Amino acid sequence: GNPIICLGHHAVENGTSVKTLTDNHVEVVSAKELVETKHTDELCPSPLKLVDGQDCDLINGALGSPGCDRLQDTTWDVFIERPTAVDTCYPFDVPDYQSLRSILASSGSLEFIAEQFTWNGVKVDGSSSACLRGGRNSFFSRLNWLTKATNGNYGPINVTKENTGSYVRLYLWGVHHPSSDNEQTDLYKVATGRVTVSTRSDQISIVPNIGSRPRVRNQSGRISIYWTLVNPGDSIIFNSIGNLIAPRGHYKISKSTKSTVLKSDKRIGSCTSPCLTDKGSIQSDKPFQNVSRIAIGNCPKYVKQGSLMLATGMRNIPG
């Protein structure tokens, strides 16, 4: 009988299974999950600055629709659009709606820069029963409904603004499409309107079309919303012999400025998390995640797998 000395390693009763290059199921002593699967269920208001659209979506917020007045002067890292948002004003459509939505979301601001305009030869501040504020007729708070001077001509419009400042201005304006020849003349006198908006380097000319569209809020006409950017030093002109839906000023574009919009339905909590999804917030140190392709902020990268175990111990051999 001689002394012996043995070299060995530690083992545990219950191992954890991991994958390797050659094996699907290998039992090791310990492992850590690298795919985040859980989320908070509420959107965390820190550290990202949130603004909840509630019953206004972002464009309605930018136009100034009846439900959107709390949306004034707001700023955000992420604007939240709700599935319950509703239209509340005169029926309108936006050509390349998505791009105006994207440009707004990204500027991260609904702080309107108000301007004085002199619209010579027209009635101003038109209103509609399709856009009610507090029970009374009203209109996009940022747009100016011009009509012919009362009882006379739609004195031709030729107003210009020079961008004297250091930022790019974004102008929201529109065009009224009447439901009949009567409405056209009753409103703009002329039988065919025309709206031309231009800066030195780009330009936008629209002829309204008259006809019936499905009744919305009792209205069969439409307004088409357009937008024009204006660089420092450049000028914009609004030229119209009829049907101009006029601006009351402009928004400030900041560039690629770390903003965005999220379309979620979850309530804003009081939690903290640097990563928001449409499904709630992610609070994790994991590299990957199962929760949503829609992930804003400092997030684990979305993957398809619901589990990826990283081995953090040797093979487990209890027996």
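Numbering starts at 1 and follows the sequence shown.
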{"item": "37 to 45 set against 276 to 284, stretch whose average Cα temperature factor tops the other in the entry", "value": "37 to 45"}
{"item": "105 to 113 versus 188 to 196 - greater average Cα B-factor per the deposited record", "value": "188 to 196"}
{"item": "Selection from 248, 222, 169, 82 [criterion: highest C-alpha temperature factor in the record]", "value": "222"}
{"item": "Highest-ranked of 94, 149, 78, 230 once sorted by CA temperature factor in the record", "value": "149"}
{"item": "Chain third (lowest, middle, highest) by recorded CA B-factor, residue given as residue 22", "value": "middle"}
{"item": "Third of the chain's Cα B-factor distribution that residue 264 belongs to, per the entry", "value": "lowest"}
{"item": "CA B-factor ranking of residue 54, expressed as a third of its chain", "value": "middle"}
{"item": "Residue 65, C-alpha B-factor rank within chain (lowest, middle or highest third)", "value": "middle"}
{"item": "Third of the chain, ranked by Cα B-factor, where residue 99 sits", "value": "lowest"}
